[PDB]
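J.: Experimental structure and its sequence below.
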Amino acid sequence: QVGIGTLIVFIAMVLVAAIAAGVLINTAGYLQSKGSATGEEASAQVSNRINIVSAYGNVXXXXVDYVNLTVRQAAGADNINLXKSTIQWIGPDXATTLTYXXXXXXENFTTXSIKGXXXXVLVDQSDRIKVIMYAXXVXXXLXXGXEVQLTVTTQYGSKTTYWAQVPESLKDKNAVXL
Amino acid sequence: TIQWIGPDXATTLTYXXXXXXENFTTXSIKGXXXXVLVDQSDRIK
Ligand SMILES: *[C@@H]1O[C@H](CO)[C@@H](O[C@@H]2O[C@H](C(=O)O)[C@@H](O[C@@H]3O[C@@H](C(=O)O)[C@@H](O)[C@H](OS(=O)(=O)O)[C@H]3O)[C@H](O)[C@H]2O)[C@H](O)[C@H]1O
Ligand SMILES: *[C@@H]1O[C@H](CO)[C@@H](O[C@@H]2O[C@H](C(=O)O)[C@@H](O[C@@H]3O[C@@H](C(=O)O)[C@@H](O)[C@H](OS(=O)(=O)O)[C@H]3O)[C@H](O)[C@H]2O)[C@H](O)[C@H]1O
Ligand SMILES: *[C@@H]1O[C@H](CO)[C@@H](O[C@@H]2O[C@H](C(=O)O)[C@@H](O[C@@H]3O[C@@H](C(=O)O)[C@@H](O)[C@H](OS(=O)(=O)O)[C@H]3O)[C@H](O)[C@H]2O)[C@H](O)[C@H]1O
(Lines give C-alpha, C1' and ligand atoms only; values in the text may rest on other atoms or scores of the structure.)
(Ligands and ions follow the chains in the order given, each with its own letter.)
Protein backbone atom coordinates (compact mmCIF):
# COMPACT_ATOMS: atom_id res chain seq x y z
CA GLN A 1 0.00 0.00 0.00
CA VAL A 2 2.98 2.25 0.73
CA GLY A 3 4.04 2.14 -2.91
CA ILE A 4 0.87 3.91 -4.01
CA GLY A 5 1.63 6.89 -1.79
CA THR A 6 5.19 7.04 -3.11
CA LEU A 7 4.00 7.87 -6.63
CA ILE A 8 2.19 11.08 -5.65
CA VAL A 9 5.15 12.38 -3.65
CA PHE A 10 7.36 11.27 -6.54
CA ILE A 11 5.33 13.50 -8.87
CA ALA A 12 5.30 16.38 -6.38
CA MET A 13 9.09 16.49 -6.21
CA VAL A 14 9.17 16.36 -10.02
CA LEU A 15 7.41 19.70 -10.47
CA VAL A 16 9.03 21.13 -7.32
CA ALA A 17 12.40 20.44 -8.92
CA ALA A 18 11.16 22.07 -12.13
CA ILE A 19 9.88 25.08 -10.18
CA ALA A 20 13.23 25.22 -8.38
CA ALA A 21 15.10 24.57 -11.64
CA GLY A 22 13.28 27.20 -13.69
CA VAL A 23 13.75 30.24 -11.47
CA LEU A 24 17.55 30.04 -11.72
CA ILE A 25 17.45 29.82 -15.53
CA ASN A 26 15.03 32.73 -15.89
CA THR A 27 17.04 34.64 -13.29
CA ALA A 28 20.31 33.82 -15.07
CA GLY A 29 18.49 34.92 -18.20
CA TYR A 30 17.90 38.29 -16.54
CA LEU A 31 21.54 38.87 -15.55
CA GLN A 32 22.98 37.51 -18.81
CA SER A 33 21.19 40.21 -20.79
CA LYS A 34 21.70 42.67 -17.94
CA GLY A 35 25.41 41.97 -17.49
CA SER A 36 26.19 41.95 -21.21
CA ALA A 37 24.58 45.36 -21.72
CA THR A 38 26.45 46.69 -18.69
CA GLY A 39 29.80 45.73 -20.18
CA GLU A 40 29.01 47.37 -23.52
CA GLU A 41 27.88 50.75 -22.18
CA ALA A 42 30.64 50.92 -19.56
CA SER A 43 33.12 50.25 -22.36
CA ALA A 44 31.34 52.94 -24.37
CA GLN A 45 31.52 55.17 -21.29
CA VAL A 46 35.33 55.11 -21.37
CA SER A 47 36.03 54.46 -25.09
CA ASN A 48 33.36 56.47 -26.94
CA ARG A 49 35.06 59.78 -26.13
CA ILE A 50 35.26 63.05 -28.05
CA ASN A 51 38.51 64.93 -28.66
CA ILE A 52 38.71 68.59 -29.73
CA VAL A 53 41.28 69.17 -32.47
CA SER A 54 41.16 72.95 -32.04
CA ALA A 55 38.85 75.85 -31.16
CA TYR A 56 38.94 79.03 -33.24
CA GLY A 57 36.47 81.90 -33.27
CA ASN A 58 35.31 84.82 -35.39
CA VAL A 59 35.96 88.29 -34.00
CA UNK A 60 33.67 91.29 -34.46
CA UNK A 61 34.47 94.83 -33.28
CA UNK A 62 36.60 93.83 -30.29
CA UNK A 63 34.91 90.78 -28.77
CA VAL A 64 34.70 87.08 -29.60
CA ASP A 65 31.17 86.11 -30.61
CA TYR A 66 31.69 82.52 -31.82
CA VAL A 67 33.48 79.56 -30.25
CA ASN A 68 33.76 76.76 -32.81
CA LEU A 69 35.35 73.49 -31.68
CA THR A 70 36.47 70.96 -34.28
CA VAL A 71 35.68 67.67 -32.55
CA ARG A 72 37.12 64.29 -33.50
CA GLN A 73 36.67 60.65 -32.56
CA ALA A 74 38.95 59.30 -29.84
CA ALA A 75 40.94 56.06 -29.96
CA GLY A 76 38.54 53.19 -30.61
CA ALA A 77 35.49 55.46 -30.61
CA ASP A 78 32.32 54.02 -32.14
CA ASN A 79 29.71 56.05 -34.06
CA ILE A 80 29.46 59.13 -31.83
CA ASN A 81 26.18 61.01 -32.16
CA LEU A 82 26.41 64.76 -31.55
CA UNK A 83 22.65 65.31 -31.46
CA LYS A 84 22.53 63.36 -28.20
CA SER A 85 25.38 65.32 -26.60
CA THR A 86 25.46 68.28 -24.24
CA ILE A 87 28.07 70.96 -23.57
CA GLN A 88 28.39 72.54 -20.12
CA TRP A 89 29.39 76.22 -20.19
CA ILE A 90 31.16 77.75 -17.20
CA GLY A 91 31.85 81.42 -17.89
CA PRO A 92 32.54 84.71 -16.12
CA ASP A 93 28.84 85.63 -16.33
CA UNK A 94 26.50 82.76 -17.19
CA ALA A 95 26.79 79.06 -16.37
CA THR A 96 24.33 76.80 -18.18
CA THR A 97 24.20 73.50 -20.07
CA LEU A 98 23.82 73.62 -23.85
CA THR A 99 21.86 71.04 -25.84
CA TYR A 100 21.73 70.45 -29.58
CA UNK A 101 19.52 72.58 -31.81
CA UNK A 102 19.16 72.94 -35.59
CA UNK A 103 20.22 76.02 -37.58
CA UNK A 104 22.89 78.61 -32.61
CA UNK A 105 19.60 79.46 -30.87
CA UNK A 106 21.32 81.10 -27.89
CA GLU A 107 21.30 78.44 -25.16
CA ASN A 108 22.13 75.68 -27.66
CA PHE A 109 24.77 74.57 -30.15
CA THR A 110 24.82 73.63 -33.83
CA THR A 111 27.04 71.24 -35.78
CA UNK A 112 28.50 71.74 -39.26
CA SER A 113 30.42 68.95 -41.00
CA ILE A 114 33.99 70.01 -41.76
CA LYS A 115 34.82 66.62 -43.30
CA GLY A 116 32.70 63.53 -43.82
CA UNK A 117 29.18 62.60 -44.92
CA UNK A 118 26.87 63.16 -41.95
CA UNK A 119 26.69 66.54 -40.22
CA UNK A 120 25.75 65.32 -36.75
CA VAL A 121 27.43 61.92 -36.41
CA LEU A 122 31.12 60.97 -36.37
CA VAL A 123 31.19 57.74 -38.37
CA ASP A 124 34.84 57.01 -39.21
CA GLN A 125 38.11 58.10 -37.64
CA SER A 126 38.76 60.75 -40.31
CA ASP A 127 35.55 62.80 -39.98
CA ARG A 128 35.77 66.19 -38.26
CA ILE A 129 32.65 68.07 -37.16
CA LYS A 130 32.60 71.69 -35.97
CA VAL A 131 30.21 72.60 -33.14
CA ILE A 132 29.00 76.18 -33.45
CA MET A 133 28.09 78.00 -30.23
CA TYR A 134 26.87 81.61 -30.02
CA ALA A 135 29.20 83.15 -27.44
CA UNK A 136 27.31 86.41 -27.97
CA UNK A 137 24.06 84.85 -26.78
CA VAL A 138 25.02 82.58 -23.89
CA UNK A 139 26.80 85.58 -22.39
CA UNK A 140 27.56 89.25 -23.06
CA UNK A 141 29.92 88.33 -25.91
CA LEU A 142 33.47 87.51 -24.80
CA UNK A 143 35.95 89.92 -23.22
CA UNK A 144 39.73 89.87 -23.59
CA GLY A 145 41.36 87.06 -21.63
CA UNK A 146 37.98 85.65 -20.64
CA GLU A 147 37.97 82.08 -19.35
CA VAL A 148 35.29 79.63 -20.51
CA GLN A 149 35.11 76.04 -19.23
CA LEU A 150 33.54 73.65 -21.75
CA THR A 151 32.71 70.05 -20.80
CA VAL A 152 31.49 68.28 -23.93
CA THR A 153 29.47 65.37 -22.55
CA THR A 154 28.88 62.43 -24.88
CA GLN A 155 25.63 60.46 -24.78
CA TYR A 156 27.14 57.52 -22.90
CA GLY A 157 28.97 59.71 -20.39
CA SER A 158 32.52 60.33 -21.58
CA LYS A 159 33.23 63.92 -20.53
CA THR A 160 35.94 65.83 -22.39
CA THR A 161 36.70 69.17 -20.74
CA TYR A 162 38.30 72.21 -22.39
CA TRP A 163 39.71 75.47 -20.99
CA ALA A 164 38.81 78.14 -23.53
CA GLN A 165 41.37 80.95 -23.28
CA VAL A 166 40.52 84.11 -25.23
CA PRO A 167 43.73 85.99 -26.17
CA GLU A 168 44.63 88.70 -23.66
CA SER A 169 44.58 91.23 -26.52
CA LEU A 170 42.30 91.31 -29.57
CA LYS A 171 43.93 94.32 -31.23
CA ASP A 172 42.96 94.05 -34.91
CA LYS A 173 42.51 90.28 -35.09
CA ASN A 174 39.83 89.16 -37.54
CA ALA A 175 39.72 85.65 -36.03
CA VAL A 176 41.62 84.21 -33.07
CA UNK A 177 42.39 80.73 -31.77
CA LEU A 178 41.19 80.16 -28.20
CA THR B 1 42.79 68.45 -43.00
CA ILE B 2 44.75 71.70 -42.79
CA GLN B 3 43.60 74.57 -40.58
CA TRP B 4 44.30 78.09 -41.89
CA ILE B 5 44.03 80.76 -39.20
CA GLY B 6 45.25 83.57 -41.42
CA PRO B 7 45.16 87.36 -41.12
CA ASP B 8 41.75 87.39 -42.81
CA UNK B 9 39.89 84.08 -43.10
CA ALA B 10 39.99 81.22 -40.60
CA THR B 11 38.72 78.01 -42.20
CA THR B 12 39.79 74.39 -42.62
CA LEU B 13 41.04 73.14 -45.99
CA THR B 14 40.33 69.72 -47.50
CA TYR B 15 41.99 67.86 -50.36
CA UNK B 16 40.90 68.46 -53.95
CA UNK B 17 42.31 67.42 -57.34
CA UNK B 18 43.71 70.39 -59.29
CA UNK B 19 43.75 73.60 -55.55
CA UNK B 20 42.10 77.05 -55.50
CA UNK B 21 38.93 77.91 -53.58
CA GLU B 22 39.51 76.60 -50.06
CA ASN B 23 41.27 73.34 -50.88
CA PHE B 24 44.81 71.97 -51.08
CA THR B 25 46.36 69.76 -53.77
CA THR B 26 49.36 67.47 -53.32
CA UNK B 27 52.02 66.94 -55.99
CA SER B 28 54.88 64.44 -55.78
CA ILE B 29 58.50 65.48 -55.19
CA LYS B 30 60.29 62.21 -54.36
CA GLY B 31 58.46 58.90 -54.69
CA UNK B 32 55.73 57.11 -56.64
CA UNK B 33 52.40 58.08 -55.08
CA UNK B 34 51.21 61.69 -55.05
CA UNK B 35 48.89 61.43 -52.05
CA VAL B 36 50.40 58.80 -49.75
CA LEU B 37 53.72 58.87 -47.87
CA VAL B 38 54.70 55.23 -48.27
CA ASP B 39 58.45 55.55 -47.63
CA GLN B 40 60.60 57.46 -45.16
CA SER B 41 62.22 59.21 -48.14
CA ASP B 42 58.79 60.04 -49.60
CA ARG B 43 58.44 63.80 -50.13
CA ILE B 44 55.13 65.40 -51.15
CA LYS B 45 54.52 69.09 -51.86
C1 LIG C 1 32.17 79.41 -36.85
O2 LIG C 1 31.70 78.57 -37.90
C3 LIG C 1 30.59 79.16 -38.60
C4 LIG C 1 30.08 78.11 -39.57
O5 LIG C 1 28.96 78.59 -40.30
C6 LIG C 1 31.04 80.44 -39.29
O7 LIG C 1 29.86 81.00 -39.89
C8 LIG C 1 29.88 82.07 -40.78
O9 LIG C 1 30.32 83.29 -40.19
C10 LIG C 1 30.40 84.38 -41.12
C11 LIG C 1 30.90 85.58 -40.34
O12 LIG C 1 32.10 85.36 -39.90
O13 LIG C 1 29.95 85.98 -39.37
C14 LIG C 1 29.06 84.63 -41.79
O15 LIG C 1 29.32 85.65 -42.76
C16 LIG C 1 28.37 86.26 -43.58
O17 LIG C 1 27.92 85.40 -44.63
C18 LIG C 1 28.97 84.98 -45.51
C19 LIG C 1 28.35 83.99 -46.48
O20 LIG C 1 27.39 84.63 -47.30
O21 LIG C 1 27.94 82.94 -45.84
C22 LIG C 1 29.58 86.19 -46.21
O23 LIG C 1 28.57 86.83 -47.01
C24 LIG C 1 30.08 87.20 -45.18
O25 LIG C 1 31.20 86.67 -44.45
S26 LIG C 1 32.62 86.36 -45.07
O27 LIG C 1 32.50 85.39 -46.12
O28 LIG C 1 33.13 87.68 -45.68
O29 LIG C 1 33.48 86.01 -43.97
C30 LIG C 1 28.99 87.52 -44.16
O31 LIG C 1 27.97 88.32 -44.77
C32 LIG C 1 28.54 83.33 -42.40
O33 LIG C 1 27.23 83.48 -42.94
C34 LIG C 1 28.47 82.27 -41.32
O35 LIG C 1 27.96 81.04 -41.84
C36 LIG C 1 31.68 81.40 -38.29
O37 LIG C 1 32.33 82.48 -38.95
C38 LIG C 1 32.72 80.68 -37.45
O39 LIG C 1 33.18 81.54 -36.40
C1 LIG D 1 21.65 60.88 -33.55
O2 LIG D 1 20.63 61.22 -32.60
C3 LIG D 1 19.51 61.91 -33.17
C4 LIG D 1 18.65 62.30 -31.99
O5 LIG D 1 17.65 63.27 -32.28
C6 LIG D 1 18.84 61.00 -34.21
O7 LIG D 1 17.90 61.62 -35.09
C8 LIG D 1 16.59 61.95 -34.74
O9 LIG D 1 15.92 60.79 -34.24
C10 LIG D 1 14.52 61.00 -33.95
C11 LIG D 1 14.00 59.71 -33.36
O12 LIG D 1 14.59 59.47 -32.23
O13 LIG D 1 14.05 58.66 -34.31
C14 LIG D 1 13.79 61.43 -35.22
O15 LIG D 1 12.41 61.62 -34.88
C16 LIG D 1 11.46 61.85 -35.87
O17 LIG D 1 10.17 62.15 -35.33
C18 LIG D 1 9.60 61.07 -34.57
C19 LIG D 1 8.35 61.61 -33.91
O20 LIG D 1 7.39 61.97 -34.89
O21 LIG D 1 8.66 62.53 -33.06
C22 LIG D 1 9.33 59.90 -35.51
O23 LIG D 1 8.42 60.32 -36.53
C24 LIG D 1 10.63 59.46 -36.19
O25 LIG D 1 11.51 58.80 -35.24
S26 LIG D 1 11.17 57.44 -34.53
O27 LIG D 1 9.98 57.56 -33.73
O28 LIG D 1 10.89 56.41 -35.66
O29 LIG D 1 12.35 57.01 -33.84
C30 LIG D 1 11.38 60.64 -36.80
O31 LIG D 1 10.75 61.02 -38.02
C32 LIG D 1 14.44 62.71 -35.71
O33 LIG D 1 13.87 63.20 -36.93
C34 LIG D 1 15.91 62.44 -36.00
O35 LIG D 1 16.55 63.62 -36.47
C36 LIG D 1 19.87 60.50 -35.22
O37 LIG D 1 19.28 59.52 -36.08
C38 LIG D 1 21.08 59.89 -34.53
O39 LIG D 1 22.07 59.53 -35.48
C1 LIG E 1 44.98 96.67 -23.17
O2 LIG E 1 44.52 96.84 -21.83
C3 LIG E 1 43.41 97.74 -21.71
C4 LIG E 1 43.20 97.91 -20.22
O5 LIG E 1 42.36 99.00 -19.87
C6 LIG E 1 42.22 97.16 -22.49
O7 LIG E 1 41.12 98.06 -22.70
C8 LIG E 1 40.14 98.31 -21.74
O9 LIG E 1 39.52 97.10 -21.34
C10 LIG E 1 38.45 97.27 -20.39
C11 LIG E 1 37.97 95.89 -20.03
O12 LIG E 1 38.91 95.23 -19.43
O13 LIG E 1 37.39 95.24 -21.15
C14 LIG E 1 37.36 98.15 -21.00
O15 LIG E 1 36.33 98.29 -20.00
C16 LIG E 1 35.13 98.94 -20.29
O17 LIG E 1 34.29 99.03 -19.15
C18 LIG E 1 33.85 97.76 -18.65
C19 LIG E 1 33.12 98.02 -17.35
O20 LIG E 1 31.94 98.78 -17.58
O21 LIG E 1 33.94 98.50 -16.47
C22 LIG E 1 32.98 97.09 -19.70
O23 LIG E 1 31.84 97.93 -19.97
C24 LIG E 1 33.76 96.92 -21.01
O25 LIG E 1 34.78 95.91 -20.86
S26 LIG E 1 34.48 94.38 -20.62
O27 LIG E 1 33.76 94.20 -19.39
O28 LIG E 1 33.58 93.93 -21.79
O29 LIG E 1 35.73 93.68 -20.73
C30 LIG E 1 34.42 98.23 -21.44
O31 LIG E 1 33.45 99.10 -22.01
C32 LIG E 1 37.99 99.48 -21.38
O33 LIG E 1 37.08 100.38 -22.00
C34 LIG E 1 39.11 99.23 -22.38
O35 LIG E 1 39.72 100.46 -22.78
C36 LIG E 1 42.63 96.85 -23.93
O37 LIG E 1 41.58 96.16 -24.60
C38 LIG E 1 43.89 96.00 -23.97
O39 LIG E 1 44.32 95.80 -25.31
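T.: Here it is on my side, so go on. Residues are numbered from 1 along each chain as shown, chains lettered A, B, ... in the order given. Ligands and ions are numbered 1, 2, ... in the order given.
J.: Going by C-alpha atoms from here, please, whenever you check contacts or count neighbours.
T.: Noted.
J.: I'd assumed residue A:81 was in contact with residue A:124.
T.: No: counting by CA atoms under 8 Å, residue A:124 stays clear of residue A:81, with 11.9 Å between them.
J.: Please name the residues that touch residue A:126.
T.: Residues near residue A:126 by CA atoms under 8 Å, 6 or more residues apart in numbering or on different chains: A:72, A:115-116.
J.: Which among those count as buried?
T.: Buried members of the contacts of residue A:126, counted by 16 or more other CA atoms under 10 Å in any protein chain shown: A:72, A:115.
J.: From the contacts of residue A:126, pick out the ones that also neighbour chain B.
T.: With CA under 8 Å from any CA of the partner chain as the criterion, the contacts of residue A:126 include residue A:115 near chain B.
J.: And the contacts of residue A:126, which is closest to ligand 1?
T.: Checking the contacts of residue A:126 against ligand 1 by CA to the nearest ligand atom gives residue A:115 as the nearest, at 13.0 Å.
J.: Centre-most residue in chain A?
T.: Central residue of chain A (CA atoms, centre = their mean): residue A:154, 0.8 Å from the mean position.
J.: Minimum distance to chain B, which residue of chain A gives it?
T.: Of all residues in chain A, the one sitting closest to chain B is residue A:174 (5.9 Å; CA to the nearest CA).
J.: In what element of secondary structure is the closest residue to that residue other than its chain neighbours found?
T.: In this structure, residue A:174 finds its nearest non-sequential neighbour in residue A:59, 5.3 Å apart by CA to CA, 6 or more residues apart in numbering or on different chains. Element membership of residue A:59, judged by DSSP states H and E, is strand A:50-60.
J.: Let me see the ranges of the helices in chain A.
T.: With helices called from DSSP state H, chain A shows them at A:2-47, A:135-138.
J.: from the middle of its chain, how far away would the strand holding residue A:59 be?
T.: Put simply, strand A:50-60 sits 18 Å off its chain's centre (CA atoms, centre = their mean, to the nearest Å).
J.: next one: stretch A:17-33
T.: Here stretch A:17-33 is found 35 Å from its chain centre; the criterion is CA atoms, centre = their mean.
J.: do the same with stretch A:79-92
T.: The chain centroid and the centroid of stretch A:79-92 are separated by 7 Å under CA atoms, centre = their mean.
J.: which residues sit against it?
T.: By CA under 8 Å, 6+ apart, stretch A:79-92 touches A:48, A:50, A:73, A:95-101, A:111, A:120-124, A:139, A:146-155.
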